[PDB]
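> Experimental structure and its sequence below.
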There are 2 protein chains.
Amino acid sequence: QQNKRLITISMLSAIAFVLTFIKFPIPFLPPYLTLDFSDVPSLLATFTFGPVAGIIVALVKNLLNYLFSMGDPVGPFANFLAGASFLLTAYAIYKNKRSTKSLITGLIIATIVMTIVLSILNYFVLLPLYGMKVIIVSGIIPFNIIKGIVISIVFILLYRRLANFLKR
Amino acid sequence: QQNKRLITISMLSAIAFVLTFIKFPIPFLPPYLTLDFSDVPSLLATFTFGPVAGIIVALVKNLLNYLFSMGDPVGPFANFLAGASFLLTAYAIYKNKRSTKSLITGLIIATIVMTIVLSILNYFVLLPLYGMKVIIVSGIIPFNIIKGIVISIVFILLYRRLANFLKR
Ligand SMILES: Cc1cc2nc3c(=O)[nH]c(=O)nc-3n(C[C@H](O)[C@H](O)[C@H](O)CO)c2cc1C
Ligand SMILES: Cc1cc2nc3c(=O)[nH]c(=O)nc-3n(C[C@H](O)[C@H](O)[C@H](O)CO)c2cc1C
């Protein structure tokens, strides 16, 4: 039971960690911003268990990616922050009344939050990925948008294909 | 707490799943027997939490490997059985009185069990990896032995290098 939740959380983290390495920077946009579906399983986790289940996934994926894809000891962090802010608000919307109309709108406000909060913390995190400008933040945002959207599209498709033997 | 256990179990499963693909059949021995350290983290899991924590890891690693490295819908199973039999007895030895002397001997009896039980179930599982002879079982055993040993050596080294800031 508790163990059933734990087992699946683990599987989702495994797949996420994997997809962590299938990253591919965006044309015309900065390359420290890479983009992967290490976040889609984070979302299946959250719309199956808690948002806490979700956060566990975004978090474990990022830690592992840290040790290994090291040399970028911040990138991991930004990827977590986006993951969690977005998954949190998106759940903090699909949470309330009803479902599907709510899920999708939860994803739209989700990417909007994510982009805001991250363009903010990016004006106090782009600096430490010097350790390891405004025009830079307007290479940032365009990115965040597409991540929001695309993760949403992919998530949505798969979450759909759960109807299969979720029932039928 | 419960969540701390769950987090680390997840990390260990992620690393295991990964190491699942770094496999490399043994010279002079059959090639459906591949050999990987997808089992070492299973062991760190068990000598840190339950043997149940251990089994969760050997199990999640094998499931994922199933879906993906499919085409071998039995290999996954045999890898689980070895993993669990060995990790189980090895813990069912380091469990009792004292530690280190017990840990190592737990690994010795562990590989001896694993080899026995698997050469057994292999005389009623080599057949279904036709679906998907005695001389074959004496390409099997020599394998099982080296897996026991080598996993043990590797496990032992790493488990050691936990002294670092496990304390100092
Ligand atoms: C400086 C820096 C900024 C990042 N900003 C974002 C971001 O704003 N949104 C996002 O989804 N991922 C972001 N990432 C994550 C990036 O896609 C991923 O962590 C890669 O591992 C970086 O190589 C950022 C990474 C770095 C290093
Ligand atoms: C027919 C068959 C027998 C196997 N026997 C063993 C075994 O005896 N011991 C072991 O540790 N792994 C065994 N494996 C696991 C193998 O190393 C791994 O799971 C690969 O996925 C097989 O291609 C076996 C796999 C197959 C297909």
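Yep, it's here. Numbers count the residues shown, from 1 in each chain, chains lettered A, B, ... in the order given. Ligands and ions are numbered 1, 2, ... in the order given.
> quick check, the helix or strand hosting residue A:148 touching chain B?
According to DSSP states H and E, residue A:148 maps onto helix A:134-160. No: Helix A:134-160 lies out of reach of chain B by CB under 8 Å from any CB of the partner chain, never closer than 14.0 Å. All C-beta atoms are positioned from the backbone trio N, CA, C, and that covers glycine.
> Give the other helices and strands that that helix contacts.
helix A:40-46, helix A:75-94, helix A:100-122 (3 or more CB pairs under 8 Å, 6 or more residues apart in numbering or on different chains; DSSP states H and E).
> If we use 6 Å, what do you get?
With contacts taken as 3 or more CB pairs under 6 Å, 6 or more residues apart in numbering or on different chains; DSSP states H and E, helix A:134-160 sits against helix A:40-46, helix A:100-122.
> which parts of it are buried?
Of the residues in helix A:134-160, A:140, A:143, A:144, A:146, A:147, A:148, A:151, A:152, A:155, A:156, A:159 count as buried by neighbour count, 16 or more other CB atoms under 10 Å in any protein chain shown.
> follow-up on the earlier one: could the helices and strands packed on helix A:134-160 be laid out in a markdown table, adding distance to residue B:32 and mean neighbour count?
Shown next, in a markdown table, are the helices and strands packed on helix A:134-160 (distance: least, CB to CB, whole Å; neighbours: other CB atoms under 10 Å in any protein chain shown):
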| stretch | distance to residue B:32 | mean neighbour count |
| --- | --- | --- |
| helix A:40-46 | 30 | 26 |
| helix A:100-122 | 44 | 17 |
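> Would you mind giving the buried residues of helix A:134-160 as CSV with distance to residue B:117 added?
Output for the buried residues of helix A:134-160, formatted as CSV (distance: CB to CB, whole Å):
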residue, distance to residue B:117
A:140, 56
A:143, 53
A:144, 53
A:146, 52
A:147, 48
A:148, 51
A:151, 45
A:152, 48
A:155, 42
A:156, 46
A:159, 41
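> Centroid-nearest residue for chain A?
residue A:83 (3.0 Å; CA atoms, centre = their mean).
> That one and ligand 1: what is the separation?
Between residue A:83 and ligand 1 the distance is 7 Å, computed by CB to the nearest ligand atom, to the nearest Å.
> Not counting its neighbours along the chain, what's nearest residue A:107?
residue A:152 (4.1 Å; CB to CB, 6 or more residues apart in numbering or on different chains).
> Report the secondary structure state of the residue of chain A most remote from its centre.
For chain A, the C-alpha farthest from the mean C-alpha position belongs to residue A:168; by CA atoms, centre = their mean, that distance is 29.2 Å. The three-state label given to residue A:168 by DSSP: H, G, I helix; E, B strand; the rest coil is coil.
> give me the number of residues near residue A:2?
8 (other CB atoms under 10 Å in any protein chain shown).
> what do you get for residue A:162?
Neighbour count for residue A:162, taken as other CB under 10 Å: 12.
> Which residues outside the helix or strand containing residue A:14 are in contact with it?
Counting by DSSP H and E, the element that carries residue A:14 is helix A:2-19. Residues outside helix A:2-19 that contact it (CB atoms under 6 Å, 6 or more residues apart in numbering or on different chains) are A:36-38, A:41, A:45, A:49, A:53, A:56-57, A:60-61, A:64, B:6, B:9-10, B:13-14, B:17, B:60, B:64.
> Quick check: which of these are also close to ligand 2?
When CB under 6 Å from any ligand atom is taken as the criterion, no member of those contacts ligand 2.
> out of those residues, which are buried?
A:36-38, A:41, A:45, A:49, A:53, A:56-57, A:60-61, A:64, B:6, B:9-10, B:13-14, B:17, B:60, B:64.
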